[PDB]
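Protein sequences appear in the order of chains A and B. Quick note, my numbering runs 1381 ahead of the 1-based positions in the first sequence. Quick note, my numbering runs 1 ahead of the 1-based positions in the second sequence. Yeah, the Cβ is synthetic: ideal placement off N, Cα and C, and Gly gets one too. The structure under discussion appears below in the form of structure tokens.
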Amino acid sequence: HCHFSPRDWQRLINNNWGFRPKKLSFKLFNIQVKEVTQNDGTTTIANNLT
Amino acid sequence: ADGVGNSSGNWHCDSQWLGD
């Protein structure tokens, strides 16, 4: 369920006698590091580009 | 020589054992 969808799963299982994985690709991007400051009941979040 | 959002160098550590 972290890969397929209910429609895709139903389509796969209603027409096939088997399956198996072949290839894998993985990507990490749009990364932001955010600093947090606490001085009272409130909290502030700021960007930290470095 | 880069900007503020590009990292210089990486974290290597480890060790390699060669023949000699």
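Query, Result
"B:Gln17 (DSSP reduced to helix, strand or coil)", "coil"
"The beta strand (DSSP E) enclosing A:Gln1419, as first and last residue numbers", "1415–1419"
"Selection from A:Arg1388, A:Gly1422, A:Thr1431 that minimises the alpha carbon distance to A:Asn1396", "A:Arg1388"
"Cβ-Cβ distance between A:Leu1430 and B:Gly6 below 8 Å", "yes"
"Distance, B:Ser8 Cα to A:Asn1411 Cα", "14 Å"
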